[PDB]
């Protein structure tokens, strides 16, 4: 087709439709949501990225970058058939400056590779998600929360600059002192404004020791959930969680527990966690001290950590939702708990809920000023919890299945004003229509995002079904 011929004349490497690598390059993380690209550009340099983008523009097809391919909605494939996919997985180099400790990171680098390089070379790190296979591209541009986030913020917070290919093939570098509107827009909604061709990340010195731990919670009836969660949110909201502690509730039908990573040794953790244990009347378990990389492997849930192989093909079949909420009124706790016990526990599929200890007075995430970036959820009291709701089938996902997580989210949102909840596009939920998605993902920052979108991508070359709409002018 015309896109193929354009790329060929432009000397852009591609994955041919009839090649073995098509299947690999085109394959979603979420097997529920395969899409067939118009074509797959396989850039080795920013020049190839520029050329691919221009080809899409000239030919008249949409284009999207695919970094790690982990979009829960397969938005790196375009979220529908027929886009040019700019597959970035051949560009995964990580360079660490020994002086400045600034890492130059190619946009197809996955988190496990980045973490390995930074640690092996200079015992450095930045704050990012768990999951070695996740691409830095989608992850860092929309937030990126992990077991260092209470201590050190989101992945997006470690970006110091980015080189970007715009919709018309122009190159720009975005930073606090250059293209500051774009730098703002990138840092929360970056899928909408161009293809980031290179990141620079600041780093922190990796702590010599981190301690993972668990606290099993007796959340087996509604009253226990309500009282437990009620205590937990009050503790968090009142500054109970120290900066070194990073923690979440993981719940499934068969067990509920807090899971933490404490940036310090086991004796320091025990002392730090005691007030919570007394409050919940609970016990610590599985206390394990680690070096930095072993801490990362602990929550990685993956054999391979330093992943760079283009054959990468981990996939699951699932539906997922997210939320960001304030503290929950007890009426909402009750509805959410009743849903958990009476509905979620009975669902005959592998589901889980994660409630991240996200905000509160000690969180690095919510110490970032409200004007710093387009990422919306920075208020230490209003943005207290981040949630992942995940509903996985082994075999085809049932078409009536969505009502399960949909109903659960309704139990929260029925009792919260729209100023007290949002959603998180790193757990992209294609159940939301375009209008709702923009609103819930970006909330108070949507209007400025729409203005920058009209300025940088007025033709919506980088369209996907939950992309920011250009402001009308």
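Positions refer to the first chain, counted from 1.
In this entry, 261 to 269 shows the higher mean Cα temperature factor of the pair 261 to 269 and 137 to 145.
In this entry, 46 to 54 has the higher mean Cα B-factor, the comparison being between 46 to 54 and 64 to 72. Of the candidates 247, 300, 386, 164, the PDB record gives 300 the highest C-alpha temperature factor. Listed residues 319, 351, 183, 292 were ranked by CA B-factor as deposited; 292 comes out on top. When the CA B factors of the chain's modelled residues are split into thirds, the value for residue 38 lands in the middle one. In this PDB entry, the Cα temperature factor of residue 391 sits in the bottom third of its chain's modelled residues, the lowest group. Per the deposited record, the Cα B-factor of residue 473 falls in the highest third when ranked against the other modelled residues of its chain. Annotation for residue 356: C-alpha temperature factor in the lowest third relative to the rest of the modelled chain, per the entry. When the modelled residues of the chain are ordered by C-alpha B-factor, residue 426 sits in the lowest third.
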